[PDB]
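Enquirer: This is the structure I have questions about; it appears just below.
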Amino acid sequence: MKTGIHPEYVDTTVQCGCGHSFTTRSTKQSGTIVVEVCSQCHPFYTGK
Amino acid sequence: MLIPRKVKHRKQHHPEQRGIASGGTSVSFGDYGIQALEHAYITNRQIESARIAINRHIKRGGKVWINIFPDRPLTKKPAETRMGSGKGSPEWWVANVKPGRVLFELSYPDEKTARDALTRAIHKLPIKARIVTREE
Amino acid sequence: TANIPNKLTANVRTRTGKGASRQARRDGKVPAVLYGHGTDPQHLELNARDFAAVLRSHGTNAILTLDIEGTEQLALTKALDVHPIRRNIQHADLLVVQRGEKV
Amino acid sequence: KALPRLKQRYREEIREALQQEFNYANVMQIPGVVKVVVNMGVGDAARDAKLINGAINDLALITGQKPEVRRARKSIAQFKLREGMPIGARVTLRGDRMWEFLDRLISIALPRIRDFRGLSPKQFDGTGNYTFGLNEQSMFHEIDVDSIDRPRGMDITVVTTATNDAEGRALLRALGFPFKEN
Amino acid sequence: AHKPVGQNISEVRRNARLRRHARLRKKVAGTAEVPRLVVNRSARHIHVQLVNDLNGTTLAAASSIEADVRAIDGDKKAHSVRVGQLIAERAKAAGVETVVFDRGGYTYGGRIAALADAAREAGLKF
Amino acid sequence: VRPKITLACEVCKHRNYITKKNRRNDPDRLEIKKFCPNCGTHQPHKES
Amino acid sequence: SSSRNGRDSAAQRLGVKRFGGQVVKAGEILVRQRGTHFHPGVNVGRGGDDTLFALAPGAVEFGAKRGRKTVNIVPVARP
RNA sequence: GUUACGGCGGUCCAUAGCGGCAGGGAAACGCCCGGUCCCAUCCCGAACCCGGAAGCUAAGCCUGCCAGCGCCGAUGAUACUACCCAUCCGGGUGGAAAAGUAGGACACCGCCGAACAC
RNA sequence: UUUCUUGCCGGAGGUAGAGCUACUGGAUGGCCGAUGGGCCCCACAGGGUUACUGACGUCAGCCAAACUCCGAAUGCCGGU
RNA sequence: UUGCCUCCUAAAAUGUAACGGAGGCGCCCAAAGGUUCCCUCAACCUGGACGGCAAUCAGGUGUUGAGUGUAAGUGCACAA
């Protein structure tokens with residue numbers, strides 16, 4: 001990384017529907033998000 | 001008939017009529033062949049005449065290869081003109097034949113008919129030629 | 001099976017070159033070069049008549065017993081420079097045939 | 001102390017999985033994901049450069065890296081495209097950043113696709129990696145439905161050290177990539 | 001069993017270093033009066049040879065391998081400084097004062113720059 | 001479309017050089033550093 | 001008729017001006033060429049128009065280095 | 001002085017290359033773990049650059065063997081050719097290919113410095 | 001004597017010749033016959049009798065002043 | 001048609017004619033100059049979204065096959 005000319009990068013918390021909060025570095029300024037359909041919630045990924 | 005689909009240079013020097021052929025000097029396709037014995041520009045006109053002669057003689061059946069291809073253009077300046085004012089435009093296509101070159105080849109069951117057809121082609125041709133065979 | 005190695009007299013050439021080869025062909029002797037596993041090539045003058053007879057008898061592929069000054073050496077013709085016009089054998093290449101080797 | 005979830009899981013158990021499954025003869029043979037390259041060719045750049053501008057912004061948000069403005073290799077008249085015209089947006093992620101980008105992708109974005117039935121393995125693209133092209137950008141949760149401007153779609157190529165298609169498929173399955181392998 | 005489909009990064013780096021070195025040598029030669037100070041850089045060590053393309057015979061050489069440079073603690077660039085000093089002494093004793101310094105196809109700066117600066121301060125007019 | 005332009009030294013105003021630019025590509029008076037022989041040092045040279 | 005041809009530039013008198021073995025002063029033009037048919041060798045320089053000239057005196061020597069014909073000047077020791 | 005050594009170079013730069021079958025990392029060569037720093041990406045520590053030796057000879061590099069692809073390649077002969085003889089045809093002396101054939105070749109040489117020896 | 005002749009030696013060349021699967025351009029047959037047309041099952045699903053263009057080309061043998069993987073002989077420059 | 005450049009004619013040094021065979025030129029450069037340092041280009045897939053012969057930057061593969069500002073050559077991958 002040269003300088004801050006790239007979008008700011010910081011840790012983020014995603015609270016998915018299943019409750020499995022993931023901690024992942026992302027450029028979301030706020031640092032927190034929620035998703036109604038995650039890996040553990042999707043039919044195909046869960047086993048449908 | 002036999003005309004190049006394209007020549008890189010339309011106007012070319014007269015092909016040199018020197019030396020015995022280095023390549024195509026043996027029957028390699030058919031049973032019999034017409035081997036040249038003198039230098040000549042075998043025009044596409046002559047090739048067509050000889051090929052039709054052979055095919056019509058051998059009638060139905062047989063196969064005829066035409067090894068040479070009249071790809072060398074020879075120009076002809078317009079009729080009744082004085083020397084100069086640039087080279088004439090291409091007028092007839094020839095194949096530079098040299099002695100020992102096999103011009104035509106024939107595969108036909110009957111040796112009699114094959115030799116007769118090749119002799120007729122030799123008659124249509126503008127030089128001495130002999131009916132050579134593959135069997136050496 | 002096998003093919004009898006056709007007998008053919010050969011002489012080592014006292015003079016090799018263009019003039020010598022043309023003189024030989026006039027004399028009726030075809031020049032040939034014997035080479036192969038023998039390491040050292042030898043330059044020979046076969047008899048044109050006899051060699052053409054051998055060739056037209058046993059095809060281009062035939063085994064020749066070359067008598068080189070009275071030395072039976074088995075060879076085969078691997079190349080036959082034939083003049084396209086005169087049709088005469090112009091030159092021969094003779095691959096020494098080791099009695100007990102494949103080619 | 002600092003390790004992405006996917007990288008930690010890989011180093012811990014996927015190495016053992018691949019070793020045991022494919023009887024690799026060495027750790028260095030044990031494959032391992034390499035750069036994730038996020039491509040997107042706007043295509044209509046000849047008509048509007050603000051399109052490629054928005055594409056650059058979308059990539060910057062999604063991947064987290066300033067995209068490279070990939071020009072056009074040569075001028076093709078049929079596409080109304082001239083050489084040196086900016087035609088695509090590129091992003092290269094490596095190391096922890098690529099690992100966590102894959103984590104985000106796999107655990108949020110793919111399940112957020114509209115009517116998705118698992119990835120396509122038949123087009124797995126073994127030796128290279130796996131280039132699957134998306135139809136829209138809003139599916140990437142990070143960009144807002146209020147901030148989207150136009151359907152974009154992506155091309156993610158997860159280059160791996162997989163020697164061949166079978167080994168790459170095993171690697172990306174163990175990683176998690178939901179394929180529809182039927 | 002194994003099929004390294006691509007070209008390994010080690011191979012790529014070796015080839016690229018050789019190419020950069022060749023394009024460098026396209027202008028740097030090194031003559032008996034002004035030898036060429038070739039520098040090879042590794043993740044573990046750094047070596048230097050005063051070579052003479054006329055003879056193709058090296059005049060002097062130093063390397064981080066030597067027990068003295070190994071005893072000199074610090075970092076890679078500290079060892080680079082020490083080897084630059086050593087090659088400067090060896091060259092001066094040989095009778096060579098001026099040289100042309102070959103990067104070896106690497107980049108300026110780092111171990112190689114520290115080595116060149118150390119040799120310069122040691123007394124090589126290169 | 002590309003006239004013979006004369007670059008003169010800003011300091012002594014000696015017309016020292018005669019080049020050709022493109023009046024279209026570079027309509028502004030050309031500025032490049034070249035030395036007047038009488039000055040000796042490279043000084044800014046401008047179109048006449 | 002009228003031919004659209006009839007033009008040709010003045011022959012530039014190119015080629016080798018000093019052949020291998022000729023002793024030359026420091027600066028003589030050894031070769032004139034349009035590309036680098038010959039590449040400059042030891043004590044031989046290449047000019048703007050690809051002229052090979054002698055940077056040092058001595059005898060011309062045509063060699064090859066890495067599949068490229070080259071012109072070299074070998075010094076001539078004064079007897 | 002000996003090495004399945006590393007570098008720097010040479011060859012009128014493939015007889016050296018490509019491909020295949022097997023082998024090793026001792027010092028080194030490398031891959032390799034990171035980016036705090038010098039430094040860097042028209043994005044990316046991929047590369048370059050910087051610190052270490054956790055791991056590996058799987059790759060690179062190197063060793064031996066394969067003549068498979070490419071590379072070289074005669075000798076003879078021929079084509080061509082300088083000069084000469086020759087009233088068209090040709091021929092002689094000197095030179096002599098290209099292609100093909102026999103075959104060669106899975107490199108050779110010099111400098112340093114490494115580990116061991118001395 | 002620098003001139004010229006002859007011998008020897010160092011040279012560069014791309015003519016003659018030859019070759020072209022070494023390039024750029026014009027040519028017999030099988031191979032894939034791929035892109036395709038009818039038949040095709042008439043369905044656009046799927047597949048072959050596929051005398052057909054049968055390509056890039058794959059593999060076997062032939063031409064050029066403005067072709068060259070090559071390449072003389074002479075001539076030319078220089079030295080002795 | 002007349003001047004200039006390139007090629008072949010031009011007979012392997014240079015040169016060599018024709019109202020001989022082909023073309024270019026009366027420009028573009030403030031970067032397309034200088035310099036330092038980096039990189040290689042064509043051609044096909046394991047494979048891709050609207051993406052097709054062709055875009056991507058798809059290198060994933062592949063050995064210097066394109067590109068030289070512009071005619072032609074001589075060169076240039078070591079790079080020009």
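Residue numbers start at 1 in each chain; chains themselves are named A, B, ... in the order of the structure tokens; ligands are numbered from 1 in the order shown.
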Can you list, as a list in words, all residues belonging to stretch 1-68 of chain G that DSSP tags as strand (DSSP E or B)?

Expert: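 Taking stretch 1-68 of chain G and keeping strand (DSSP E or B) gives residues 15, 16, 23, 24, 29, 30, 31, 32, 39, 40, 44, 45, 46, 52, 53, 54, 58, 59, 60, 61, 62, 63 and 64 of chain G.
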
Enquirer: Now that the selection is made, can you save its residues with C-alpha atoms as a short mmCIF file (atom, residue, chain, number, x, y, z; two decimals), in the first residue's frame?

Expert:
data_model
loop_
_atom_site.label_atom_id
_atom_site.label_comp_id
_atom_site.auth_asym_id
_atom_site.auth_seq_id
_atom_site.Cartn_x
_atom_site.Cartn_y
_atom_site.Cartn_z
CA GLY G 15 29.05 -1.44 -47.50
CA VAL G 16 32.37 -2.17 -45.88
CA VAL G 23 45.01 -0.98 -40.57
CA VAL G 24 43.07 2.19 -39.80
CA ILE G 29 34.71 4.68 -41.12
CA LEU G 30 34.85 0.89 -41.19
CA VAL G 31 31.32 0.26 -42.49
CA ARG G 32 28.33 2.18 -43.80
CA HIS G 39 27.42 -4.45 -34.83
CA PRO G 40 30.20 -2.36 -33.25
CA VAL G 44 34.57 0.34 -32.79
CA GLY G 45 31.73 2.83 -32.42
CA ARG G 46 28.37 3.23 -34.14
CA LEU G 52 30.84 1.78 -37.89
CA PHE G 53 34.03 3.74 -37.22
CA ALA G 54 37.28 3.02 -35.41
CA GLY G 58 44.71 -0.79 -35.56
CA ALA G 59 43.62 -3.56 -37.87
CA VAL G 60 40.00 -4.29 -38.70
CA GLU G 61 38.84 -7.75 -37.69
CA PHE G 62 35.41 -9.16 -38.51
CA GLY G 63 34.08 -11.52 -35.87
CA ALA G 64 30.85 -12.74 -34.31
#

Enquirer: For stretch 55-61 of chain I, find every residue with an atom within 12 Å (counting only C-alpha atoms (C1' of nucleotides)), except residues of its own chain fewer than 5 positions away, and show them as a ChimeraX atom specification.

Expert: /B:23-30,67 /I:21,27-36 /J:43-44

Enquirer: Just list the residues in chain A DSSP gives alpha helix (DSSP H) on the backbone, as an NGL selection string.

Expert: :A and (43-46)

Enquirer: Write a file of the selected residues as a CSV table (one decimal), in the first residue's frame, keeping N, CA, C and O atoms.

Expert:
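Output file part13.csv follows:
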chain,number,residue,atom,x,y,z
A,43,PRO,N,-30.4,-21.6,1.5
A,43,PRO,CA,-30.8,-23.0,1.3
A,43,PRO,C,-29.6,-23.9,0.8
A,43,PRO,O,-29.3,-24.9,1.5
A,44,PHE,N,-29.1,-23.6,-0.4
A,44,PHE,CA,-28.1,-24.5,-1.0
A,44,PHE,C,-26.9,-24.7,0.0
A,44,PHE,O,-26.4,-25.8,0.1
A,45,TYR,N,-26.3,-23.6,0.6
A,45,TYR,CA,-25.2,-23.7,1.4
A,45,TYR,C,-25.5,-24.5,2.7
A,45,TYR,O,-24.6,-25.2,3.3
A,46,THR,N,-26.7,-24.3,3.2
A,46,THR,CA,-27.1,-25.0,4.5
A,46,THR,C,-27.3,-26.4,4.2
A,46,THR,O,-27.2,-27.2,5.2

Enquirer: Find the residues in chain D near chain J: any atom within 6 Å counts, using only C-alpha atoms (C1' of nucleotides). Write them as a ChimeraX atom specification.

Expert: /D:41,123,125-128,131-135

Enquirer: Could you name the residues that touch residue B:123 at 12 Å or less, counting only C-alpha atoms (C1' of nucleotides), but leaving out those on the same chain fewer than 4 positions away, as a ChimeraX atom specification?

Expert: /B:34,46-47,49-51,53-54,116-119,127-131

Enquirer: Which polymer residues have any atom within 10 Å of an atom of stretch 6-8 of chain G, counting only C-alpha atoms (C1' of nucleotides), with same-chain residues fewer than 4 positions away left out, as a PyMOL selection string?

Expert: (chain B and resi 86) or (chain J and resi 1+4-7+18-23)

Enquirer: Please save C-alpha atoms (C1' of nucleotides) of the selected residues as a PDB file, in the first residue's frame.

Expert:
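Listing of again-v4.pdb after writing:
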ATOM      1  CA  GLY B  86       6.721   1.327 -70.286  1.00  0.00           C
TER       2      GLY B  86
ATOM      3  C1'   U J   1       8.397  12.895 -66.518  1.00  0.00           C
ATOM      4  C1'   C J   4      14.853  13.770 -52.835  1.00  0.00           C
ATOM      5  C1'   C J   5      14.323   8.653 -50.255  1.00  0.00           C
ATOM      6  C1'   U J   6      13.693   2.890 -50.508  1.00  0.00           C
ATOM      7  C1'   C J   7      13.686  -1.658 -53.104  1.00  0.00           C
ATOM      8  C1'   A J  18      15.862   2.561 -70.353  1.00  0.00           C
ATOM      9  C1'   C J  19       9.449   6.626 -71.416  1.00  0.00           C
ATOM     10  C1'   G J  20      12.365  -0.812 -66.887  1.00  0.00           C
ATOM     11  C1'   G J  21       9.299  -3.174 -62.526  1.00  0.00           C
ATOM     12  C1'   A J  22       7.253  -0.947 -57.510  1.00  0.00           C
ATOM     13  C1'   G J  23       6.405   2.578 -53.992  1.00  0.00           C
TER      14        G J  23
END

Enquirer: Provide the atom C1' of residue H:88 to atom CA of residue B:16 distance in Å, to one decimal place.

Expert: 19.5 Å

Enquirer: Write out, as CSV, each residue of chain D that has an atom at most 7 Å from chain H, together with the closest pair of atoms and their distance in Å to one decimal, counting only C-alpha atoms (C1' of nucleotides), rows going by chain and rising number.

Expert:
residue,atom,partner,partner_atom,distance
D:26,CA,H:58,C1',5.8
D:28,CA,H:58,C1',5.3
D:29,CA,H:58,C1',5.3
D:65,CA,H:43,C1',5.9
D:66,CA,H:43,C1',5.1
D:67,CA,H:43,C1',4.8
D:68,CA,H:43,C1',5.0
D:91,CA,H:43,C1',5.3
D:92,CA,H:44,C1',4.8
D:93,CA,H:44,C1',5.4
D:94,CA,H:44,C1',6.2

Enquirer: Just to confirm, what's the straight-line distance from atom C1' of residue J:53 to atom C1' of residue I:22 in Å (one decimal)?

Expert: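 Interatomic distance here is 29.1 Å.
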
Enquirer: Do you have the atom CA of residue B:75-atom CA of residue B:21 distance handy?

Expert: 24.0 Å

Enquirer: Write out as an MDAnalysis selection string the residues lying within 9 Å of residue F:8, counting only C-alpha atoms (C1' of nucleotides) and excluding same-chain residues fewer than 5 positions away.

Expert: chainID F and resid 13:18 36 44:48

Enquirer: Tell me the residues of chain J close to chain G, meaning within 7 Å using only C-alpha atoms (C1' of nucleotides), as a list in words.

Expert: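 Here is what falls inside 7 Å: residues 5, 14, 74 and 75 of chain J.
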
Enquirer: Give me the residues near residue E:51 as a ChimeraX atom specification, where near means some atom within 10 Å (using only C-alpha atoms (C1' of nucleotides)) and where sequence neighbours in that chain fewer than 5 positions away do not count.

Expert: /E:29-32,34-38,56-61,99 /H:8-9,111-112

Enquirer: What residues in chain I lie within 9 Å of chain G, counting only C-alpha atoms (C1' of nucleotides), written as a list in words?

Expert: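 In the required form, that comes to residues 10, 11, 12, 13, 77, 78 and 79 of chain I.
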
Enquirer: Tell me which protein, DNA and RNA residues are within 9 Å of stretch 107-110 of chain B, counting only C-alpha atoms (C1' of nucleotides), leaving out same-chain ones fewer than 2 positions away, and put them as a VMD selection string.

Expert: chain B and resid 29 to 33 58 61 to 65 105 112 to 115

Enquirer: Could you save those same residues with N, CA and C atoms as a PDB file, in the first residue's frame?

Expert:
ATOM      1  N   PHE B  29       3.543 -39.037 -59.076  1.00  0.00           N
ATOM      2  CA  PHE B  29       2.120 -39.128 -58.792  1.00  0.00           C
ATOM      3  C   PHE B  29       1.474 -40.302 -59.509  1.00  0.00           C
ATOM      4  N   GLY B  30       1.662 -40.387 -60.821  1.00  0.00           N
ATOM      5  CA  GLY B  30       0.992 -41.366 -61.640  1.00  0.00           C
ATOM      6  C   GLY B  30       1.921 -42.463 -62.110  1.00  0.00           C
ATOM      7  N   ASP B  31       1.420 -43.271 -63.039  1.00  0.00           N
ATOM      8  CA  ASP B  31       2.199 -44.368 -63.595  1.00  0.00           C
ATOM      9  C   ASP B  31       3.128 -43.885 -64.698  1.00  0.00           C
ATOM     10  N   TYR B  32       2.597 -43.127 -65.649  1.00  0.00           N
ATOM     11  CA  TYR B  32       3.361 -42.578 -66.754  1.00  0.00           C
ATOM     12  C   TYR B  32       3.450 -41.070 -66.600  1.00  0.00           C
ATOM     13  N   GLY B  33       4.365 -40.466 -67.341  1.00  0.00           N
ATOM     14  CA  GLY B  33       4.504 -39.026 -67.320  1.00  0.00           C
ATOM     15  C   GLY B  33       5.078 -38.534 -68.625  1.00  0.00           C
ATOM     16  N   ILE B  58      -8.218 -40.897 -72.775  1.00  0.00           N
ATOM     17  CA  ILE B  58      -8.390 -41.859 -71.720  1.00  0.00           C
ATOM     18  C   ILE B  58      -9.855 -41.928 -71.402  1.00  0.00           C
ATOM     19  N   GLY B  61     -12.250 -42.487 -66.929  1.00  0.00           N
ATOM     20  CA  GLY B  61     -11.432 -43.324 -66.089  1.00  0.00           C
ATOM     21  C   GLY B  61     -10.098 -42.680 -65.999  1.00  0.00           C
ATOM     22  N   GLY B  62      -9.253 -43.164 -65.115  1.00  0.00           N
ATOM     23  CA  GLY B  62      -7.899 -42.654 -65.091  1.00  0.00           C
ATOM     24  C   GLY B  62      -7.781 -41.346 -64.329  1.00  0.00           C
ATOM     25  N   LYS B  63      -6.537 -40.973 -64.040  1.00  0.00           N
ATOM     26  CA  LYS B  63      -6.242 -39.731 -63.341  1.00  0.00           C
ATOM     27  C   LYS B  63      -5.053 -39.036 -63.985  1.00  0.00           C
ATOM     28  N   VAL B  64      -5.128 -37.709 -64.064  1.00  0.00           N
ATOM     29  CA  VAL B  64      -4.115 -36.898 -64.730  1.00  0.00           C
ATOM     30  C   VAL B  64      -3.657 -35.801 -63.781  1.00  0.00           C
ATOM     31  N   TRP B  65      -2.357 -35.755 -63.515  1.00  0.00           N
ATOM     32  CA  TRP B  65      -1.735 -34.695 -62.740  1.00  0.00           C
ATOM     33  C   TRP B  65      -1.045 -33.722 -63.681  1.00  0.00           C
ATOM     34  N   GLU B 105       1.339 -36.165 -65.715  1.00  0.00           N
ATOM     35  CA  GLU B 105       1.404 -37.540 -65.255  1.00  0.00           C
ATOM     36  C   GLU B 105       0.037 -38.171 -65.423  1.00  0.00           C
ATOM     37  N   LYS B 112      -1.349 -49.086 -73.452  1.00  0.00           N
ATOM     38  CA  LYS B 112      -1.531 -48.595 -74.813  1.00  0.00           C
ATOM     39  C   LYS B 112      -2.258 -47.256 -74.816  1.00  0.00           C
ATOM     40  N   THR B 113      -3.415 -47.203 -74.158  1.00  0.00           N
ATOM     41  CA  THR B 113      -4.200 -45.976 -74.155  1.00  0.00           C
ATOM     42  C   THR B 113      -3.464 -44.862 -73.425  1.00  0.00           C
ATOM     43  N   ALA B 114      -2.767 -45.199 -72.338  1.00  0.00           N
ATOM     44  CA  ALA B 114      -2.007 -44.189 -71.611  1.00  0.00           C
ATOM     45  C   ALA B 114      -0.939 -43.568 -72.498  1.00  0.00           C
ATOM     46  N   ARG B 115      -0.181 -44.404 -73.205  1.00  0.00           N
ATOM     47  CA  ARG B 115       0.867 -43.884 -74.069  1.00  0.00           C
ATOM     48  C   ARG B 115       0.281 -43.058 -75.200  1.00  0.00           C
TER      49      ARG B 115
END
